[PDB]
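Asks: need a 3D model of the sequence below.
(2 chains, ligands or ions: 1)
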Amino acid sequence: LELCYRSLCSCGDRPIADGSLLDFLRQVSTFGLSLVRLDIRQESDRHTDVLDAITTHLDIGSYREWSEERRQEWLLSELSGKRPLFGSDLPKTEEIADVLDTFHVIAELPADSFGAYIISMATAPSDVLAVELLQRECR
Amino acid sequence: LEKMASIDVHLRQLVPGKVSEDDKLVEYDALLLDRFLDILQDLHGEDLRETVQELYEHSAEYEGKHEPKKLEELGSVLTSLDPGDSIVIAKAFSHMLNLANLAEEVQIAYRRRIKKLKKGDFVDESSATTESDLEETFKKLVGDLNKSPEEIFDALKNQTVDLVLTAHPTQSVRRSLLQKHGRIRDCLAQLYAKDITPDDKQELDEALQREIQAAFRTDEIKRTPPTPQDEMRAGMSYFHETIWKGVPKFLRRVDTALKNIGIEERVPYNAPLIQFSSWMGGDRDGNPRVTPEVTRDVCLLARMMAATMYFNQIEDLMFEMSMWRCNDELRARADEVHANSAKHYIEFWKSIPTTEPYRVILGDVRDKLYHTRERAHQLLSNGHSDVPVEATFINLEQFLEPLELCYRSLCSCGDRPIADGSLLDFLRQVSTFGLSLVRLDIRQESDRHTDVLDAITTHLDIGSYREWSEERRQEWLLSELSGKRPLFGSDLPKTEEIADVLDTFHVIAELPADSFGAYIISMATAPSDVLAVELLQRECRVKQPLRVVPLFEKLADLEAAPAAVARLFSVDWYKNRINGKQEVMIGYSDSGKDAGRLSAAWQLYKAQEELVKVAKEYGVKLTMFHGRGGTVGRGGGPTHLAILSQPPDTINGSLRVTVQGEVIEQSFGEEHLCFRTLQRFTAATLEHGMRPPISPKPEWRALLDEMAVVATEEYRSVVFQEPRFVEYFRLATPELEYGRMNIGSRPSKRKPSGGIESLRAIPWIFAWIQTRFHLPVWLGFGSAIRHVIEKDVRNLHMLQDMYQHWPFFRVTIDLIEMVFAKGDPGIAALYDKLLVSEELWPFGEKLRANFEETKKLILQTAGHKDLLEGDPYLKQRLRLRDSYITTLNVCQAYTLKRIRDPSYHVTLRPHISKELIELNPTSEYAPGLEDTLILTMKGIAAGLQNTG
Ligand SMILES: [Cl-]
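Replies: Residues are numbered from 1 along each chain as shown, chains lettered A, B, ... in the order given. The relevant structure is shown in the block below.
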């Protein structure tokens, strides 16, 4: 389309180019390939549940009981690390399976489809960092 | 055309007497040779034929009296051939040798067994003419050992003989040419029916000639150095040739023999007495052509071949299964299956009525078999399918259940006889071949796994897994295998090699477990290698992981092996993962390359002893996997005693053996040959479990330990210490040419710049097989026997006692003697004269003296004056082959001088009638000297077959 527009303008057909063609380009740019971009939203407590099931599964303690500073420190060491975090061998409650499966769906779909991941009941940096880590470790 | 009268004369001079009274071998070979020479004359002219025949007669005179003048005459004729004539002569002699092998197979296959020729002891088990058949082995176990038939039957049900097909070290002959060889063998055989009509005999002769010409007029080069999938398709030929039909036939014969000692049952149809494993497409050790996709391909191809065969077989089964009376359960299944949509038998019945319930269930199974082939073909050809997995057979139980239902049902109605017909054969084929025919083993170097772990540990900044001591390696591997965190992801710097290893594991994880056997670590040395593979298997999400099998190759690896295995059993995680079963692999040829043949044989006996000690200490069922080069890897009769010779309790109802590519035709090409192969494997296994060879007298052990020390000293002092040996090896031997040419898919060296240590054992053996010298097999024996004889006058008597009463020693010596029969130092000398620098000639001379001395000593040990005094049948067949091989040797040697030395101009002779020179256009060497060389290699390889 930009090729058609450029070409038309080259030939002094800018008026023609500024008709249905310009409307089309603007619609492509505004609506993209999806019309809308879907935001995802989840409670922070669901992410805390997932991390606590992981830390319990690794016998490092309960991410839930950890102070915010300990949470932050662990989250930081993991986000900067080179080792993956968990596998199929992980006891997942129906809820924790919901959270992880949602991240897997996000990974298997085009980026043009998504906007923002929104943490309801956010209170501390560990909530945001938790989501960032789950995003990375869910590929 | 009284030309025939000549070849007859020469043939009878080659094999003077009769090895029995049904000895028609010289007749067979004369008949085939005459027809072939007439074909040669009709296609390439009277002069070409007269030349070829003069060459053959000279060669036969040589194999007779061994006058070097005969070699000078052969050479004189062969150098004066321009490349066209050289190709036609080499092709000619390759095909003539093939015909000799064919007449050999017929003779062996129809030789009447002489019940009066049995001596009564174990020596009888070294030749097919006096070995024990299945029933004779039952009677031996019952009489001499007073075992009850119930014990024999119970032993048999739980026994497994696992034959592993590997790629051929050279020309794994194309399936088409095998088919032709079959037609020739059959024509030969039928021509000698003592009741045949003249018109029948005429048409059979014309068919034989027709097929000899057909085989001669097929090219054996060009196209590609066949891809691993092609080599695998060619290896799977023997399932269609003989094995598919052969398994149910052998098992039924077992049933009869069990009946003949009072056992009323049959061998259970699901009992795995016979199993087939394959390396074709799975062994990647030093073979980059074998990729992950190669493994996926040969797995799917196997599933296709199996589904095809089951499909074709189940239609004859459907016609047989026309009964109506049935079990209540099977009637339920029939009404259930009758509720559905009949496409694969419109030629037979519009549809199948519920009054034929067996036919209903079977027709549904036929439908599922078709869908399995179609889905496997779509998976192979695309990568996806559209055939639902619920409409195919994904595991062997799905397949067996309806058939077992038919069998149970038939037996319920007193139709057990009907059930024991095509139905029983089918069940046994399902159980033996499974859904794949073969189970593919995977094999990789330990160093590749070490590379992967080192790249990981480097990527995690924990250090270099490579630099770590074995104890630190073990400790880290243990902490990780017991941990709950995955190890690595996509974010991992993978070299092309490391990507190959990981991708191979991913392919393994994405394929059915029925497809795989064992993961085999070449160059295993320490528990960390096995643990490394186990960890890579788990962290690559291989759901049902393979059994890990260490291949302890070098001598020090063998001494350290039982310590390693004990340490592995002593680890809790591994002990619970193996589920009480461990398989260890030994490579007779690999260890031979390391430390000589005698020292490797004795060290392998001792190492198996110690490994069984460990397995009993910890309560694990040990399974020894016998790699190539062994006593048990030979062809035919000798295998029987070789298996019987293994140290007590090393088998224990699970024999795993390599069927070498250079032997598979002699062991499975023909119906009788296959049956007797399966028989001697099953009988040898069964007997050895219950009647182990004698334990060696302590002086025998001490003597063999000393001999091993001296022998290793000589072998290593020659191969590794002599600086100019590597210079000689490159001249007197076509090893370099073998590495460059399109003969085997594998590189001959692991590191191109290394000496003999970096050379793989197969090109090591092959290089010296081509010159009829066989150094890798006998080197070291001479000085060892010399040593012990001089050390005490009486040690010779002890050696002779060992050869006559200790099976292991007898079979070892016997193998050496067989290899010497395929040897001729004079030809090795010809290679020296044409291809080796003058200042290196005495080197070869000394080596040949060793050759001679060793031969004499081996003879003295075996109590023989001539080689193979105890097996005149083999002596005969070998002599007959040698007359053809010798011409291919001389041709090979002069062709090598011609290739390496463009300054060696020869007085060529005029070309000899209509061509084959224009089938290799993109050759960097001469117009047909590369092809001539390749022909002589394939030919000599086929004539010498197996050594060590
Ligand atoms: Cl119809």
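Asks: helix/strand/coil for the residue positioned nearest the centre of chain A?
Replies: Nearest to the mean C-alpha position of chain A, by C-alpha atoms, centre = their mean, lies residue A:117 at 5.5 Å. Classification of residue A:117 using DSSP: H, G, I helix; E, B strand; the rest coil returns strand.
Asks: that one reaches residue A:37, doesn't it?
Replies: No. The criterion here is C-beta atoms under 8 Å, and residue A:117 misses it with residue A:37 at 11.9 Å. (C-beta placed from N, C-alpha, C; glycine too.)
Asks: so what's the residue nearest to the centre of chain A bridging to?
Replies: Beta bridges link residue A:117 to residue A:40 when assigned by DSSP bridges.
Asks: ok, now which ones touch it?
Replies: A:39, A:40, A:41, A:42, A:131, A:135 (C-beta atoms under 8 Å, 6 or more residues apart in numbering or on different chains).
Asks: now the buried members of those.
Replies: Buried subset of these (neighbour count, 16 or more other C-beta atoms under 10 Å in any protein chain shown): A:42, A:131.
Asks: report the separation between the two terminal residues of stretch A:32-46.
Replies: Taking C-alpha to C-alpha, to the nearest Å, the first and last residues of stretch A:32-46 lie 32 Å apart.
Asks: so which residues on chain A come close to chain B?
Replies: Where chain A comes near chain B, counting by C-beta under 8 Å from any C-beta of the partner chain, the residues are A:57, A:58, A:59, A:82, A:83, A:84, A:85, A:86, A:87, A:88, A:89, A:139.
Asks: mind redoing it with 7 Å?
Replies: Where chain A comes near chain B, counting by C-beta under 7 Å from any C-beta of the partner chain, the residues are A:57, A:58, A:82, A:83, A:84, A:86, A:87, A:89.
Asks: residue contacts, the last one?
Replies: Residues in contact with residue A:89 (C-beta atoms under 7 Å, 6 or more residues apart in numbering or on different chains) are residue B:484.
Asks: what helix or strand does it sit in?
Replies: Using DSSP states H and E, residue A:89 sits within no helix or strand.
Asks: what comes up buried for stretch A:40-56?
Replies: Buried residues in stretch A:40-56, counted by 16+ other C-beta under 10 Å: A:42, A:44, A:46, A:47, A:48, A:49, A:50, A:51, A:52, A:53, A:54, A:55.
Asks: among these, name the ones in strands.
Replies: residue A:42 (DSSP state E).
Asks: of the buried residues of stretch A:40-56, closest to chain B?
Replies: Using C-beta to the nearest C-beta, residue A:54 is the member of the buried residues of stretch A:40-56 that lies nearest chain B, at 9.3 Å.
Asks: would you check that that closest one makes contact with residue A:91?
Replies: No. Applying C-beta atoms under 7 Å, one finds residue A:54 not in contact with residue A:91, separated by 9.7 Å.
Asks: excluding sequence neighbours, find me the nearest residue to residue A:139.
Replies: In space, and not counting its chain neighbours, residue A:139 is closest to residue A:107: 5.1 Å by C-beta to C-beta, 6 or more residues apart in numbering or on different chains.
Asks: follow-up on the earlier one: what subset of the residues of chain A next to chain B is buried?
Replies: A:57, A:83, A:84, A:86.
Asks: got phi/psi on the first one?
Replies: Looking back up the chat, that one is residue A:57. As for residue A:57, its main-chain torsions (degrees, to the nearest 10) stand at phi -70, psi -20.
Asks: just to check, it is in contact with residue A:92?
Replies: No. Here residue A:57 does not reach residue A:92: they are 9.7 Å apart, not a contact under C-beta under 7 Å.
Asks: show me where chain A has its strands.
Replies: Using DSSP E, the strands of chain A run over A:38-43, A:114-120.
Asks: which parts of the last one are buried?
Replies: Buried residues in strand A:114-120, counting neighbours by 16+ other C-beta under 10 Å, are found at A:117, A:119.
Asks: can I get it in CSV, CA atoms only?
Replies: These are the backbone C-alpha positions of strand A:114-120, laid out as CSV (Å, rounded to 0.1, in the frame of the first residue of the first chain):
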residue,chain,number,x,y,z
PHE,A,114,-1.8,-8.1,22.8
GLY,A,115,-1.6,-4.9,24.7
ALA,A,116,-0.8,-4.9,28.4
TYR,A,117,-0.7,-7.3,31.3
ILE,A,118,-2.5,-5.7,34.1
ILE,A,119,-2.1,-6.7,37.8
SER,A,120,-5.2,-6.2,39.8
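Asks: what is the orientation angle of that strand with strand A:38-43?
Replies: 20 degrees (axes from the mean of the first three to the mean of the last three C-alpha atoms, to 10 degrees).
Asks: run the chain-centre distance for strand A:114-120.
Replies: 7 Å (C-alpha atoms, centre = their mean, to the nearest Å).
Asks: what's the answer for stretch A:118-132, then?
Replies: Offset of stretch A:118-132 from its chain centre (C-alpha atoms, centre = their mean): 13 Å.
Asks: got it, and stretch A:124-138?
Replies: Offset of stretch A:124-138 from its chain centre (C-alpha atoms, centre = their mean): 10 Å.
Asks: so which bits of it are buried?
Replies: Of all the residues in stretch A:124-138, those buried under the rule 16+ other C-beta under 10 Å are A:126, A:127, A:129, A:130, A:131, A:133, A:134, A:137, A:138.
Asks: I'd say the last one and residue A:107 touch.
Replies: When you say that, I think you mean residue A:138. Yes. Between residue A:138 and residue A:107 there is a contact at 5.8 Å, judged by C-beta under 7 Å.
Asks: quick revisit: can you tell me which of the contacts of residue A:117 is nearest chain B?
Replies: Of all these, chain B sits closest to residue A:135, with 14.0 Å by C-beta to the nearest C-beta.
Asks: so the closest one makes contact with residue A:103?
Replies: Yes. Applying C-beta under 7 Å, one finds residue A:135 in contact with residue A:103, separated by 6.4 Å.
Asks: residue contacts, residue A:129?
Replies: Per C-beta under 7 Å, 6+ apart, neighbours of residue A:129: A:72, A:75, A:79.
Asks: from what I can see the last one touches residue A:134, true?
Replies: It stands for residue A:79. No. Taking contacts as C-beta under 7 Å, residue A:79 lies outside contact range of residue A:134: 10.5 Å.
Asks: burial count for residue A:122?
Replies: Neighbour count of residue A:122, defined by other C-beta atoms under 10 Å in any protein chain shown: 13.
Asks: quick check: chain neighbours aside, which residue is closest to it?
Replies: Spatial nearest neighbour of residue A:122, excluding adjacent residues (C-beta to C-beta, 6+ apart): residue A:44 at 5.7 Å.
Asks: list the contacts for that neighbour?
Replies: For residue A:44, the contacting residues are A:119, A:120, A:121, A:122, A:123, A:127, by C-beta under 7 Å, 6+ apart.
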